[PDB]
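Structure 1 and structure 2 below are two forms of the same protein chain, each written out on its own as structure tokens.
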Structure 1
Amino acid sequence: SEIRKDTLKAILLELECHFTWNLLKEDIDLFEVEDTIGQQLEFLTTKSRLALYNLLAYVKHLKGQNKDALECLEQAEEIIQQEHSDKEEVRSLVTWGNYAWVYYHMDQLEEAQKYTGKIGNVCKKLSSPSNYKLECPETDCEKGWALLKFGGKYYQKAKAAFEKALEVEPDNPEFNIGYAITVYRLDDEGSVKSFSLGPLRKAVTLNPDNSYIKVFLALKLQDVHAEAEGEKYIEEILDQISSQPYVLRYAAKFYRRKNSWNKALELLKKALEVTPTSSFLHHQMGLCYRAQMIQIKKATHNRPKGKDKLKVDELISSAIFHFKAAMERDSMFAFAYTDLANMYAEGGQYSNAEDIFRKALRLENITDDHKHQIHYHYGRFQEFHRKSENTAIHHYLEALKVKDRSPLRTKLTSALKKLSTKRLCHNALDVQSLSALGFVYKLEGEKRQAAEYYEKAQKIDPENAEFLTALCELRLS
């Protein structure tokens, strides 16, 4: 019955939970997010298993695994009850909201209504101004963490949620970690900012035994050239994090940026032992082997000999090994494809690089951010290794069409201008170059120039709908 489904949905949309926080599937890699959450659940890396299971349940649903989502929600409930709180009904509202939505998506309307009913009863008892929700700092915090996990498009929204929570309890240890991590994420080659330094120090003060927050402080301290103070925090946590793969990968980053490669690898290996299925961790190892090789090549002016040549060959093979192991564990782990392809290209293995790039260019269910970077890297490969300028222009353009504002924007528009201008010097009637320039100048706001270029392209190709559309938009002035 579409009638009954829609009246229930009116109610489900009034709940506060993951299904009403606008957390879009298209903005994440579900397998990577699922891996990340799993790693955070390991060996009490967090004091917040409840939020993690609620989020994991939402992610399972997004992967089309509603039965597994129910299992996470059952684990969520057990964490609530086992706590024997006088506030177990209020603490249960997000978990109940997720239950209602999941049962709704499984076409179990009667079950969904049991949960909306329970949510309604609590809100009524507590005299909430809303029928189906109850304002609470804790829920703001949980929303904060969910937003944070969905990535860069949500960082400002996450910051707002944590600030809402902090408004009620400014010295809450948990809200402060969430706030400080968000500002850390917003601080992020830049140049790197240090707006997070204050909030991170505060969060560490409020959470003296927390390895998770300490490692971010160490990283930030490293960023502002206080590596020595940062290493003291790293040394403080090392014994506590030996079975905590999520924190280990950040401590390993700390050592990698110091060029302490064996230290970084020792930690990443500990991490892979807790979670051997992690694409993320394999890729991090590959980056670490690659960084070492680049450093050796520099120190030997690109001509390594002897034990250095030997080391370089081993590092290259080890890097390839881990990039492939990453791809094997998540066919959607796009960073592994491009880093692998770029390595083959650098070693002159063009067929191999092309094989990898073609797989990457055909991945469908990956974020626009990843497609954008894949197009960029393929464009660079075409420009500098194939020397195929038209093919490069095609992919630089696709990169911009997928994502027009990113740290790659300046590089993309500069390359498009250069190759298009060069081409137009040879053939004033090259349609691809004319329209590339029209696209770039429109994107930059140079509307007269953009119209001039598109008008030339259209006169040569009169029925091209893209040129007609771009021109219609420009004529709006």
Structure 2
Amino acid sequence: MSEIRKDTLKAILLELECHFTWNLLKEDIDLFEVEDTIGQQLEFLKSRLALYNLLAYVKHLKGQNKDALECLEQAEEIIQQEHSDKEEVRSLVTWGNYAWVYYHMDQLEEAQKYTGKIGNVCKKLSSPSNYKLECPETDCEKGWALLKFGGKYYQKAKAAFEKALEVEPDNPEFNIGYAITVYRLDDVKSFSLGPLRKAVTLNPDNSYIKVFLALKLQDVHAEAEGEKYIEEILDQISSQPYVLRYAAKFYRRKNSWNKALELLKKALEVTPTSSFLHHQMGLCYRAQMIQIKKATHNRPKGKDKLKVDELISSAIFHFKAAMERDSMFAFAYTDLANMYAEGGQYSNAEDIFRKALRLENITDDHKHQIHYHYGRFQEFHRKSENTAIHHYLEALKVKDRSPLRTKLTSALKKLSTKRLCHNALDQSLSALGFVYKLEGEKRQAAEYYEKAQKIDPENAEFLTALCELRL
């Protein structure tokens, strides 16, 4: 089992264009969620190729290399299915993935078989490169993979899709990928509306793209036109949980609770293991409940009272279900905890938040939001200013640049100031030092951090902060 040969092979592997070389980092996603999403997208539809390649990479990430190979087998079969003259060239990503998986299974001759096929094809076609072949289809596959890896990848996805569109501006698939990417980037904004209309025009039969157009129309207060698209696709998506859950989102945002629930129930029947779906159901119940409490001025009577009680229990049931199906699905923890807190059940909220705070292997984005919500809980329900500060600070440390940034910095100032009502600053000095360092006030930051070091001369955090401010 030679490290020499392993690294020699690896040098070739790094030359390939495929999921293993596209810097798709497991740290940036919830693997189980991404796996669930891809499985749903594959349901009851051919266009399955990119999804199978990607799913194989995801299986590898989960430590299921055999399942990975199963996915590549399916990808290969689909390529065969197209029966096109472009088989060899259409096979490069799948082959690259095969090479990497076999490499990770300590099976080097097999891996080399695939690198061989790849190099051979690149040779035949006189590629400027030995193991890659410039290809719009590949740019498209890459775009899809990046998109699936989430917000840290959207710009990259957009670039990939643009690159493909460079070659074929009116390719139906490339336009779907581009339009979806711009939609995700809109998440509010409406830059995606034109691209979405064009994508629908190029894909008249496609429910997936229509549902997103409908959502963007809803966003810009064109609810009737949107709803027309939803009705156009309803009969066709009955076994497609991925499309169903977005159509259900459309209804939820229109306050059509029962319709939303109807589609989500259909979706769950196709994929009952899905945390995402259970969580969507929870959001629906919760939203209706909030609506009734609002209309009833927080004093629902009679049947309204019965309904709110039922809705609270259903929401709780589904948030719990989501958590049971994926302990990493952080949103279900925060939504559940927040429901408890709103009902005055502080001990229950605390239990759930505590669980969430102890989850190490979740994404920084989720951690950022968990700290934010626990901070708010501390501030408005526990009335613990000190603890709120701690957690707003942790949220900022995890993610300096997010939508919550201003709220966090502001709140930190406020609370630190409340501290000075009766006591010199203690936690609070660190908070102000951090915030002014962040906002660019080096002098102030320095002062605060100096006081902090005074109090805790051993604190490596303050030491590092002061090392940096020293510059």
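Residue numbering: structure 1 sequence, from 1. We call the rigid core whatever largest set of C-alpha positions still superposes within 1.5 Å between the two forms.
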After fitting the rigid core, tell me which of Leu30, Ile37, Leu443, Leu424 has its Cα displaced by at least 2 Å between structure 1 and structure 2.
-> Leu424
If you line up the core, does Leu13 shift 2 angstroms or more at its C-alpha between structure 1 and structure 2?
-> no
Taking the rigid core as reference, the Cα of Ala465 travels between structure 1 and structure 2 a distance in Å of 2.1
After superposing on the rigid core, the Cα of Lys411 moves between structure 1 and structure 2 by an amount in angstrom of 1.2
Superpose the two forms on the rigid core, then give the C-alpha shift of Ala252 between structure 1 and structure 2 in Å.
-> 0.5
